[PDB]
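> Just so it is clear, I am handing over start30.cif, which has mmCIF, C-alpha atoms and all ligand atoms.
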data_protein
loop_
_atom_site.label_atom_id
_atom_site.label_comp_id
_atom_site.auth_asym_id
_atom_site.auth_seq_id
_atom_site.Cartn_x
_atom_site.Cartn_y
_atom_site.Cartn_z
CA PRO V 1 12.47 -25.59 -5.57
CA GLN V 2 15.56 -23.39 -6.23
CA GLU V 3 14.15 -21.65 -9.32
CA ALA V 4 16.90 -18.98 -9.22
CA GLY V 5 19.39 -21.67 -10.31
CA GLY V 6 17.82 -21.70 -13.80
CA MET V 7 17.26 -17.91 -14.11
CA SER V 8 19.14 -15.70 -16.60
CA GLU V 9 21.14 -12.49 -16.11
CA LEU V 10 18.12 -10.53 -17.43
CA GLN V 11 16.02 -11.71 -14.46
CA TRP V 12 18.65 -10.76 -11.86
CA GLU V 13 19.24 -7.42 -13.62
CA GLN V 14 15.48 -6.75 -13.87
CA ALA V 15 15.38 -6.98 -10.07
CA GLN V 16 17.73 -3.99 -9.91
CA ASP V 17 15.18 -1.98 -11.92
CA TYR V 18 12.00 -3.28 -10.22
CA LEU V 19 13.33 -2.04 -6.86
CA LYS V 20 14.93 1.11 -8.33
CA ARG V 21 11.36 2.41 -8.90
CA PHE V 22 10.11 1.33 -5.41
CA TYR V 23 12.10 4.32 -4.03
CA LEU V 24 11.96 6.76 -6.95
CA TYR V 25 14.15 6.31 -10.06
CA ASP V 26 17.15 8.30 -8.76
CA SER V 27 20.64 7.72 -10.23
CA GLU V 28 22.19 8.71 -6.86
CA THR V 29 22.16 4.97 -5.91
CA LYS V 30 23.46 3.75 -9.32
CA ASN V 31 26.55 1.62 -8.66
CA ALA V 32 27.52 -2.08 -8.77
CA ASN V 33 28.82 -2.23 -5.18
CA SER V 34 25.92 -0.13 -3.82
CA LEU V 35 23.69 -3.09 -4.84
CA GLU V 36 24.90 -4.78 -1.65
CA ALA V 37 24.01 -1.91 0.73
CA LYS V 38 20.88 -1.00 -1.25
CA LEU V 39 19.49 -4.55 -1.03
CA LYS V 40 20.50 -4.54 2.67
CA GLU V 41 17.89 -1.83 3.36
CA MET V 42 15.32 -3.53 1.07
CA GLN V 43 15.63 -6.85 2.87
CA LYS V 44 15.08 -5.20 6.27
CA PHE V 45 12.35 -2.91 4.88
CA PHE V 46 10.49 -6.07 3.92
CA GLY V 47 11.47 -7.90 7.13
CA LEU V 48 12.44 -11.22 5.48
CA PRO V 49 15.67 -12.39 7.24
CA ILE V 50 17.74 -13.50 4.20
CA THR V 51 19.88 -10.32 3.90
CA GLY V 52 22.58 -9.82 1.23
CA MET V 53 20.81 -12.32 -1.12
CA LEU V 54 18.73 -12.01 -4.31
CA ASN V 55 16.91 -15.26 -5.15
CA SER V 56 14.66 -16.78 -2.43
CA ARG V 57 11.98 -14.41 -1.03
CA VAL V 58 13.77 -11.38 -2.50
CA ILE V 59 13.04 -12.22 -6.18
CA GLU V 60 9.55 -13.58 -5.37
CA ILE V 61 8.48 -10.18 -3.98
CA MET V 62 10.02 -8.28 -6.94
CA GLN V 63 7.64 -10.20 -9.24
CA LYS V 64 4.57 -10.43 -6.90
CA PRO V 65 2.52 -7.16 -6.80
CA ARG V 66 2.11 -5.21 -3.55
CA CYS V 67 1.73 -1.39 -3.57
CA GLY V 68 2.68 1.63 -5.74
CA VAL V 69 3.67 4.20 -3.11
CA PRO V 70 7.40 5.12 -2.95
CA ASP V 71 8.95 4.34 0.47
CA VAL V 72 10.78 7.68 0.76
CA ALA V 73 9.97 11.43 0.77
CA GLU V 74 11.77 14.80 0.73
CA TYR V 75 9.73 18.04 1.08
CA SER V 76 9.20 21.07 3.36
CA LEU V 77 5.96 22.64 4.66
CA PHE V 78 5.03 19.10 5.75
CA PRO V 79 1.55 19.07 7.40
CA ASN V 80 1.05 19.01 11.17
CA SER V 81 2.35 15.55 12.22
CA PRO V 82 2.86 12.68 9.69
CA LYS V 83 -0.55 11.02 10.39
CA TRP V 84 -4.04 12.66 10.24
CA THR V 85 -3.87 15.19 13.09
CA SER V 86 -7.42 16.31 12.16
CA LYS V 87 -10.27 15.72 14.65
CA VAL V 88 -12.15 13.85 11.88
CA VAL V 89 -11.51 12.17 8.52
CA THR V 90 -13.89 12.04 5.49
CA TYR V 91 -13.71 9.96 2.27
CA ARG V 92 -15.62 9.70 -1.06
CA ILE V 93 -15.46 7.46 -4.17
CA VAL V 94 -14.78 9.26 -7.49
CA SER V 95 -15.56 6.42 -9.91
CA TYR V 96 -15.96 2.62 -9.87
CA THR V 97 -14.39 -0.18 -11.95
CA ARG V 98 -16.51 -2.44 -14.19
CA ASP V 99 -15.23 -5.50 -12.26
CA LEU V 100 -17.26 -4.39 -9.19
CA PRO V 101 -20.55 -2.46 -8.76
CA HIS V 102 -20.21 1.03 -7.17
CA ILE V 103 -21.99 -0.25 -4.02
CA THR V 104 -19.32 -2.94 -3.60
CA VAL V 105 -16.30 -0.65 -4.06
CA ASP V 106 -17.86 1.90 -1.68
CA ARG V 107 -18.55 -0.62 1.10
CA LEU V 108 -15.05 -2.17 0.77
CA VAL V 109 -13.23 1.20 0.95
CA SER V 110 -15.20 1.87 4.11
CA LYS V 111 -14.96 -1.63 5.62
CA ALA V 112 -11.13 -1.24 5.62
CA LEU V 113 -10.81 2.53 6.28
CA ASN V 114 -13.29 1.97 9.14
CA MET V 115 -11.20 -0.87 10.58
CA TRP V 116 -8.24 1.53 10.76
CA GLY V 117 -10.42 4.12 12.53
CA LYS V 118 -11.73 1.45 14.93
CA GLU V 119 -8.19 0.92 16.38
CA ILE V 120 -7.59 4.56 17.45
CA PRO V 121 -9.36 7.52 19.15
CA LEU V 122 -9.64 9.25 15.72
CA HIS V 123 -13.21 9.69 14.46
CA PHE V 124 -14.70 9.09 10.97
CA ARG V 125 -17.68 10.67 9.19
CA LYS V 126 -20.00 9.66 6.30
CA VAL V 127 -20.18 11.66 3.04
CA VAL V 128 -23.61 12.80 1.74
CA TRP V 129 -23.20 16.45 0.55
CA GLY V 130 -19.94 18.02 -0.77
CA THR V 131 -16.36 16.82 -1.38
CA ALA V 132 -14.20 14.80 1.04
CA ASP V 133 -10.56 14.61 2.16
CA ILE V 134 -9.63 11.20 0.73
CA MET V 135 -11.00 10.75 -2.81
CA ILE V 136 -11.01 7.06 -3.98
CA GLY V 137 -10.66 6.83 -7.80
CA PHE V 138 -9.63 4.30 -10.44
CA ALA V 139 -7.10 5.65 -12.92
CA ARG V 140 -3.87 5.19 -14.88
CA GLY V 141 -0.70 7.25 -14.21
CA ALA V 142 -1.62 9.24 -17.36
CA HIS V 143 -4.86 10.49 -15.68
CA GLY V 144 -3.15 13.64 -14.40
CA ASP V 145 -0.19 13.13 -12.03
CA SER V 146 3.47 12.04 -11.78
CA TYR V 147 4.68 8.41 -11.78
CA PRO V 148 4.06 6.21 -14.88
CA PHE V 149 1.15 3.78 -15.31
CA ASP V 150 3.31 0.60 -15.25
CA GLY V 151 0.36 -1.47 -16.60
CA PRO V 152 -0.47 -4.86 -15.00
CA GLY V 153 2.17 -6.53 -12.80
CA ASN V 154 4.60 -4.57 -10.57
CA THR V 155 3.30 -1.34 -8.96
CA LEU V 156 -0.19 -2.16 -7.60
CA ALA V 157 -1.64 1.19 -6.41
CA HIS V 158 -0.25 4.69 -5.74
CA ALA V 159 -1.67 6.63 -2.78
CA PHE V 160 -0.92 10.04 -1.19
CA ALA V 161 0.05 11.23 2.32
CA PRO V 162 -2.43 13.23 4.51
CA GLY V 163 -1.26 16.67 3.29
CA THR V 164 -3.36 19.66 2.10
CA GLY V 165 -6.98 19.14 0.99
CA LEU V 166 -6.03 17.74 -2.44
CA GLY V 167 -3.28 15.44 -1.10
CA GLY V 168 -4.30 12.48 1.07
CA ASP V 169 -6.24 10.86 -1.84
CA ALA V 170 -6.01 7.10 -2.57
CA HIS V 171 -5.92 5.68 -6.15
CA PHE V 172 -6.16 2.16 -7.67
CA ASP V 173 -4.17 1.08 -10.79
CA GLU V 174 -7.19 0.41 -13.03
CA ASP V 175 -4.99 -1.96 -15.10
CA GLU V 176 -4.67 -4.23 -12.05
CA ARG V 177 -7.28 -6.88 -11.27
CA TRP V 178 -9.82 -5.94 -8.55
CA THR V 179 -12.50 -8.28 -7.09
CA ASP V 180 -13.97 -9.86 -3.89
CA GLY V 181 -16.52 -12.67 -4.43
CA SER V 182 -14.49 -14.06 -7.34
CA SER V 183 -11.39 -14.17 -5.07
CA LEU V 184 -9.03 -14.21 -8.08
CA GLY V 185 -6.74 -11.17 -8.53
CA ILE V 186 -6.19 -8.61 -5.74
CA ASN V 187 -8.76 -8.51 -2.93
CA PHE V 188 -10.19 -4.99 -2.70
CA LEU V 189 -10.60 -5.36 1.07
CA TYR V 190 -6.98 -6.38 1.63
CA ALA V 191 -5.51 -3.76 -0.70
CA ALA V 192 -7.92 -1.19 0.74
CA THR V 193 -6.42 -1.63 4.23
CA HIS V 194 -3.02 -1.02 2.64
CA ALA V 195 -3.90 1.84 0.23
CA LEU V 196 -6.09 3.58 2.83
CA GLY V 197 -3.47 2.91 5.54
CA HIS V 198 -1.01 5.09 3.58
CA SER V 199 -3.74 7.76 3.52
CA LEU V 200 -3.19 7.88 7.33
CA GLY V 201 0.62 8.35 7.10
CA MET V 202 1.08 4.72 8.25
CA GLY V 203 4.24 2.97 7.04
CA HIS V 204 5.00 -0.62 6.05
CA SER V 205 5.77 -3.22 8.76
CA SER V 206 8.17 -6.19 9.14
CA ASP V 207 5.94 -8.68 11.04
CA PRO V 208 4.97 -11.75 8.95
CA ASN V 209 1.31 -11.28 9.97
CA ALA V 210 1.25 -7.52 9.22
CA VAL V 211 -1.63 -5.76 7.43
CA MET V 212 0.72 -3.51 5.41
CA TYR V 213 3.09 -6.51 5.16
CA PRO V 214 4.91 -5.94 1.83
CA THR V 215 5.68 -9.68 1.39
CA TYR V 216 2.28 -10.34 -0.24
CA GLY V 217 1.47 -14.09 -0.43
CA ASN V 218 -1.23 -13.89 -3.15
CA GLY V 219 -4.72 -15.30 -2.50
CA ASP V 220 -7.75 -13.48 -1.01
CA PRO V 221 -8.63 -13.49 2.74
CA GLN V 222 -12.09 -14.73 3.75
CA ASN V 223 -12.90 -12.22 6.53
CA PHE V 224 -9.59 -10.27 6.88
CA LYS V 225 -8.61 -8.41 10.10
CA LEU V 226 -6.11 -5.81 11.36
CA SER V 227 -2.70 -6.90 12.69
CA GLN V 228 -1.28 -6.53 16.21
CA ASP V 229 1.94 -4.88 14.99
CA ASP V 230 0.07 -2.19 13.01
CA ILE V 231 -2.37 -1.53 15.89
CA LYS V 232 0.48 -0.91 18.34
CA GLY V 233 2.43 0.88 15.58
CA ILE V 234 -0.24 3.54 15.13
CA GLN V 235 -1.19 3.82 18.84
CA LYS V 236 2.37 4.90 19.73
CA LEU V 237 1.47 8.22 17.99
CA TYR V 238 -2.18 8.56 19.09
CA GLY V 239 -1.46 7.28 22.64
CA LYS V 240 -4.87 5.73 23.46
CA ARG V 241 -6.42 2.91 21.38
CA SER V 242 -9.66 0.93 20.85
CA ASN V 243 -7.97 -2.52 20.67
CA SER V 244 -9.53 -3.11 17.23
CA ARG V 245 -12.88 -4.30 18.66
CA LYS V 246 -14.68 -5.50 15.50
CA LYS V 247 -17.10 -8.29 14.53
CA CA H 301 0.27 -2.59 -12.06
CA CA H 302 -7.36 14.77 -0.67
ZN ZN H 303 2.54 0.39 0.56
ZN ZN H 304 -2.58 9.40 -9.79
#
Could you write out this file's structure as structure tokens?


Amino acid sequence: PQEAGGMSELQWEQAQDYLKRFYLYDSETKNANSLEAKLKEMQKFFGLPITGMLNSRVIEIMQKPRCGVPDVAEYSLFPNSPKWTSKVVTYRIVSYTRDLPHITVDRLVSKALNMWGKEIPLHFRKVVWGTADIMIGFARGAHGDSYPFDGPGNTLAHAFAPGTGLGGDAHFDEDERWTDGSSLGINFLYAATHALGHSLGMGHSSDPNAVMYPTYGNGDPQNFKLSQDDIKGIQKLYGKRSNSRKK
């Protein structure tokens, strides 16, 4: 439809900002010409082939929601290996959103987290007494951590890397819409694979059928399943695999 033709400067400029936050709001990449190189890495990060452009898929994704985890990091004392080295992983829900009953949130977090575990020799464990590694809560950036709330729209959910006992948690922007049967806003199952995937130190992928595919296409999946590219992606680190194997 060529909607970009009738867009204003404000829209094109907004794009600069929407992506600026996707990799931390750092003035180090603040220059007119850098736009070209800086979109170059965005376009490949997503995978979409139109490089050097800002109008077709590239604007669509700026406006569509996706994830709230920056795609960069810079710290020392990093834990053993980027993904969960531990022999086991544990996970517990902190609170639940009114859109969904606790039972539902709980079984979705697990039905995705478990899929991840089912593609690798890692092992997973149920929680019935004590705290866990990955806490799953609903909250706004002003709950008690860095990164602003954003509100609805851009920035879907922040999550943390498997580091320390406190780090590794997954969060859900409570402002965002969260539901399964209704199949209206963001599917918990689908986002859960993504949010929980970051809890395992997994990164985004470029394949059009990826499970952490950042080019979200809206809608809710009926059954949902893991992707080939993510299964091989993770097995390169853990060596052996379980070839998904699910119902
Ligand atoms: Ca949001
Ligand atoms: Ca944790
Ligand atoms: Zn993400
Ligand atoms: Zn937080």

> The residues within 12 Å of (17.4, -9.1, -10.4), using all atoms listed in the file and the coordinates of the file, should be reported as a PyMOL selection string; which are they?

chain V and resi 4+7-20+35+39+53-56+58-63

> Counting all atoms listed in the file, figure out which residue out of V:164, V:146, V:222, V:114 gets nearest to ligand ZN 304 (chain H).

V:146

> Using all atoms listed in the file, which of V:46, V:91, V:238, V:190 sits nearest ligand CA 302 (chain H)?

V:91

> Which residue is closest to ligand ZN 303 (chain H)? Choose from V:217, V:197, V:130, V:141 and count only C-alpha atoms and all ligand atoms.

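Of V:217, V:197, V:130, V:141, the one nearest ligand ZN 303 (chain H), counting only C-alpha atoms and all ligand atoms, is V:197.
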
> Counting only C-alpha atoms and all ligand atoms, name the residues that have an atom within 12 Å of an atom of ligand CA 302 (chain H); the answer should be given as a ChimeraX atom specification.

/V:84,89-94,131-137,159-171,196,199-200

> Report as a Markdown table the residues of chain V within 7 Å of ligand ZN 303 (chain H), each with its shortest atom pair and distance in Å (one decimal), using only C-alpha atoms and all ligand atoms, ordered by chain and increasing residue number.


| residue | atom | partner | partner_atom | distance |
| --- | --- | --- | --- | --- |
| V:66 | CA | H:ZN303 | ZN | 7.0 |
| V:67 | CA | H:ZN303 | ZN | 4.6 |
| V:68 | CA | H:ZN303 | ZN | 6.4 |
| V:69 | CA | H:ZN303 | ZN | 5.4 |
| V:194 | CA | H:ZN303 | ZN | 6.1 |
| V:195 | CA | H:ZN303 | ZN | 6.6 |
| V:198 | CA | H:ZN303 | ZN | 6.6 |
| V:204 | CA | H:ZN303 | ZN | 6.1 |
| V:212 | CA | H:ZN303 | ZN | 6.5 |
| V:214 | CA | H:ZN303 | ZN | 6.9 |

> Expressed in Å to a single decimal, how great is the separation between atom ZN of ligand ZN 304 (chain H) and atom CA of residue V:140?

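Going from atom ZN of ligand ZN 304 (chain H) over to atom CA of residue V:140 covers 6.7 Å.
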
> Select the residues contacting ligand CA 301 (chain H) at a distance of at most 6 Å, based on all atoms listed in the file, then format the selection as a PyMOL selection string.

chain V and resi 150-156+173+176

> Measure the distance from atom CA of residue V:47 to atom CA of residue V:229 in Å and round it to one decimal.

12.7 Å

> Extract, using all atoms listed in the file, all DNA, RNA and protein residues at most 8 Å from residue V:228, discarding same-chain residues fewer than 3 positions from it, and format them as a PDB file with C-alpha atoms, keeping the file's coordinate frame.


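As written to disk, result_5.pdb reads:
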ATOM      1  CA  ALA V 210       1.250  -7.520   9.220  1.00  0.00           C
ATOM      2  CA  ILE V 231      -2.370  -1.530  15.890  1.00  0.00           C
ATOM      3  CA  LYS V 232       0.480  -0.910  18.340  1.00  0.00           C
TER       4      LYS V 232
END

> What separation in Å, quoted to one decimal, exists between atom CA of residue V:48 and atom CA of residue V:208?

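Separating atom CA of residue V:48 from atom CA of residue V:208 is a distance of 8.3 Å.
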
> Need the shell around residue V:97: protein/DNA/RNA residues with any atom at most 12 Å away, counting only C-alpha atoms. Skip same-chain ones fewer than 5 positions apart. Format as a ChimeraX atom specification?

/V:102-106,136-139,171-179,188

> If we count only C-alpha atoms and set the cut-off at 9 Å, which residues sit around residue V:123, ignoring sequence neighbours fewer than 4 positions away in its own chain? Please answer as an MDAnalysis selection string.

chainID V and resid 87:89 117:118

> At the level of N, CA, C and O atoms, write stretch 126-154 of chain V to a file as a compact mmCIF listing (two decimals), in the first residue's frame, please.


# COMPACT_ATOMS: atom_id res chain seq x y z
N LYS V 126 9.92 -28.76 39.34
CA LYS V 126 8.71 -28.02 39.71
C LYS V 126 8.96 -27.30 41.02
O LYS V 126 9.87 -27.69 41.73
N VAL V 127 8.17 -26.25 41.33
CA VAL V 127 8.38 -25.46 42.54
C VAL V 127 7.25 -25.70 43.51
O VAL V 127 6.12 -25.38 43.17
N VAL V 128 7.50 -26.27 44.71
CA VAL V 128 6.44 -26.42 45.72
C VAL V 128 6.89 -26.06 47.12
O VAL V 128 6.13 -26.32 48.04
N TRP V 129 8.08 -25.45 47.35
CA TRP V 129 8.50 -25.14 48.71
C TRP V 129 9.77 -24.30 48.63
O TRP V 129 10.82 -24.89 48.45
N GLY V 130 9.68 -22.95 48.73
CA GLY V 130 10.87 -22.11 48.67
C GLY V 130 10.85 -21.24 47.43
O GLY V 130 9.89 -21.29 46.68
N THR V 131 11.91 -20.42 47.23
CA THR V 131 11.97 -19.52 46.08
C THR V 131 12.58 -20.25 44.90
O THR V 131 13.00 -21.38 45.06
N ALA V 132 12.60 -19.59 43.71
CA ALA V 132 13.10 -20.22 42.49
C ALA V 132 14.14 -19.36 41.84
O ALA V 132 14.41 -18.28 42.34
N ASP V 133 14.73 -19.81 40.71
CA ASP V 133 15.70 -18.98 40.00
C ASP V 133 14.90 -17.94 39.26
O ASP V 133 15.05 -16.77 39.56
N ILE V 134 14.06 -18.34 38.28
CA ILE V 134 13.39 -17.35 37.44
C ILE V 134 12.06 -16.98 38.06
O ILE V 134 11.14 -17.79 38.02
N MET V 135 11.92 -15.76 38.62
CA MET V 135 10.62 -15.33 39.13
C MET V 135 9.82 -14.78 37.97
O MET V 135 10.45 -14.16 37.12
N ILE V 136 8.48 -14.99 37.89
CA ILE V 136 7.68 -14.48 36.77
C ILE V 136 6.69 -13.49 37.34
O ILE V 136 5.71 -13.94 37.91
N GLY V 137 6.90 -12.16 37.22
CA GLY V 137 5.97 -11.20 37.82
C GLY V 137 5.38 -10.28 36.79
O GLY V 137 5.90 -10.19 35.69
N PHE V 138 4.29 -9.56 37.17
CA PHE V 138 3.73 -8.52 36.32
C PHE V 138 4.10 -7.23 36.98
O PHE V 138 3.90 -7.13 38.18
N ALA V 139 4.64 -6.23 36.25
CA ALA V 139 4.99 -5.00 36.92
C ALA V 139 5.26 -3.90 35.93
O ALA V 139 5.32 -4.17 34.74
N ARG V 140 5.41 -2.65 36.43
CA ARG V 140 5.73 -1.51 35.58
C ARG V 140 7.15 -1.11 35.92
O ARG V 140 7.53 -1.28 37.06
N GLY V 141 7.93 -0.57 34.95
CA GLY V 141 9.29 -0.12 35.22
C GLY V 141 9.47 0.55 36.56
O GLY V 141 10.53 0.40 37.15
N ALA V 142 8.46 1.30 37.06
CA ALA V 142 8.56 1.91 38.39
C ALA V 142 8.30 0.93 39.53
O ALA V 142 8.00 1.39 40.62
N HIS V 143 8.39 -0.40 39.33
CA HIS V 143 8.20 -1.33 40.44
C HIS V 143 9.43 -1.28 41.32
O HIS V 143 9.30 -1.19 42.53
N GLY V 144 10.63 -1.33 40.69
CA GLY V 144 11.86 -1.28 41.46
C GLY V 144 13.05 -1.71 40.62
O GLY V 144 13.75 -2.61 41.04
N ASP V 145 13.28 -1.07 39.45
CA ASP V 145 14.42 -1.44 38.62
C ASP V 145 14.64 -0.40 37.54
O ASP V 145 13.80 0.46 37.38
N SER V 146 15.77 -0.49 36.79
CA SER V 146 16.04 0.51 35.75
C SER V 146 15.08 0.38 34.59
O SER V 146 14.27 -0.53 34.60
N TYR V 147 15.18 1.28 33.58
CA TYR V 147 14.42 1.14 32.34
C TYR V 147 13.03 1.70 32.57
O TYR V 147 12.44 1.27 33.55
N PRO V 148 12.46 2.64 31.77
CA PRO V 148 11.18 3.22 32.15
C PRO V 148 10.04 2.28 31.82
O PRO V 148 10.27 1.26 31.19
N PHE V 149 8.81 2.64 32.25
CA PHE V 149 7.66 1.78 32.00
C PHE V 149 7.23 1.79 30.55
O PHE V 149 6.76 0.76 30.10
N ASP V 150 7.37 2.91 29.80
CA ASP V 150 6.93 2.94 28.40
C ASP V 150 5.42 3.09 28.34
O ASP V 150 4.96 4.03 27.72
N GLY V 151 4.64 2.17 28.96
CA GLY V 151 3.18 2.24 28.90
C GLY V 151 2.71 1.22 27.88
O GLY V 151 3.43 0.25 27.70
N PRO V 152 1.55 1.35 27.19
CA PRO V 152 1.22 0.38 26.16
C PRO V 152 2.06 0.68 24.94
O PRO V 152 2.80 1.65 24.96
N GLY V 153 1.96 -0.14 23.87
CA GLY V 153 2.76 0.13 22.67
C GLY V 153 4.19 -0.32 22.86
O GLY V 153 4.42 -1.16 23.71
N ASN V 154 5.12 0.23 22.04
CA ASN V 154 6.53 -0.17 22.05
C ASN V 154 7.07 -0.68 23.37
O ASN V 154 6.59 -0.22 24.39
